[PDB]
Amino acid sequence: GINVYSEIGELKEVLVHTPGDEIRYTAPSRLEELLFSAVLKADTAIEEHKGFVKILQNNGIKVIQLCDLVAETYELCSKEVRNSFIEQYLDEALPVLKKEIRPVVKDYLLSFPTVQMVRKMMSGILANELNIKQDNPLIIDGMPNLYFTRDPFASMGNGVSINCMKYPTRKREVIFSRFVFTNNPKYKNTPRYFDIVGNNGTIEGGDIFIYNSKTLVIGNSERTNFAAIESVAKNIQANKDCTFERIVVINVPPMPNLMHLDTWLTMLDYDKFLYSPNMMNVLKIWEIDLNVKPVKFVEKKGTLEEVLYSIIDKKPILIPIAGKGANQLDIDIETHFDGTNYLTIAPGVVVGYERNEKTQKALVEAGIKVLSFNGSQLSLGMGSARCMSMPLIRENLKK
């Protein structure tokens, strides 16, 4: 059920999540606590996400909703496994559930049709809903970052990496997709090159890129360390079907207005890349030959061009955020709105926010086809199309 051996191959199946009531439950004083960037006008953001989904569907892509995938898995499970799912959810809920309120929540959840129940689990629960009186409006917090399906897990060739989020507020999001990879017959046998239980280190979706059939590119950032990368390398060596033979690790230290490797660099075509004009000049890299044991990180150095050349074996076309010659104001604004994170749905065809006009212009001038959409409210979340999606199946490249 999983086959992603590039960042650009024609997209066939992708996972997304149209936001539900959870983005209505973020108090302005809890933006940091919930690790979300702003208070959205929900109805508008939701319609905008639907616009994003529609574009993907009109391009023959099968768009799968997280809530539907979880609901489908649930229906196929035994009563004990189903209950096991509900119980784990109650255990990880925040704020922690009081003993006499837990059973009230559980009965409430079970009173809804499967898909609506899953949606309540994602949205969180208001005290009013349970007829409970108290100042705190929420019995259970919602998970506002769920529409960023790029984080809980990342497809990786024929397997997946179920990521280790940083803060507990976001670690609650993993229960859904993990339930799918554990019980859904279509994904149950997907090999896990990383999981939150039998490995070492930490790793996040933003640092994971698949350049081609043989090369995996991971960022060594503040969120992804060598320990996790080593676990991934060994798990891959133990799998016979995987075609990966090499891992290129790119050192990504904290920089102003940037974060994971994705804010630094994205791949849009066989030889076209979008990058931050404010990244470092000479990159620190680590080459890992997967055909050799034990796994060893071979340190190397080079400009972005040199590093890219060593992977695609041809001159890379580098496009800076906001285009060449842009002033710092435009660069800052379009970086702020996640300008590098366009989602590539086919070689040279991308999807992103229309507000990032300078970057859009530079992309079309370089021969890339851009399918923009209005995300006037969605964009306040600070994450673009690549962040709001997780490819499940892409047509392998013939290069």
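So that there is no doubt, residue numbering starts at 1 and follows the sequence shown.
Can you let me know which of the two, 160-168 or 95-103, has the higher average C-alpha B-factor in the entry?
Mean C-alpha B-factor is greater for 160-168.
Where do the C-alpha atoms have the higher mean temperature factor in this entry, in 34-42 or in 339-347?
Averaging CA B-factors over each stretch, the winner is 34-42.
Pick out which of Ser155, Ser177, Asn189, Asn145 has the highest C-alpha B-factor in the PDB entry.
Comparing C-alpha B-factors across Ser155, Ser177, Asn189, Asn145, the top value belongs to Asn189.
Highest CA temperature factor in the entry: which of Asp141, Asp151, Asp262, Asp289?
Highest C-alpha B-factor among the listed residues goes to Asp289.
In terms of the CA temperature factor given in the entry, to which third of its chain does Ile2 belong: lowest, middle or highest?
Its C-alpha B-factor, which the entry lists for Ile2, ranks in the middle third among residues of this chain.
Which third of the chain does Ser123 land in by C-alpha B-factor: lowest, middle or highest?
It falls in the bottom third of the chain.
Determine, from the deposited record, the chain-internal third of the Cα B-factor for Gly219: lowest, middle or highest.
For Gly219, whose C-alpha B-factor we compare with every modelled residue in the chain, the answer is the middle third.
Which third of the chain holds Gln57 when residues are ordered by C-alpha B factor: lowest, middle or highest?
Ranked within chain, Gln57 CA B lands in the lowest tercile.
Once the chain's modelled residues are ordered by C-alpha B factor and cut into thirds, is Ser29 in the lowest, middle or highest one?
Its C-alpha B-factor, which the entry lists for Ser29, ranks in the highest third among residues of this chain.
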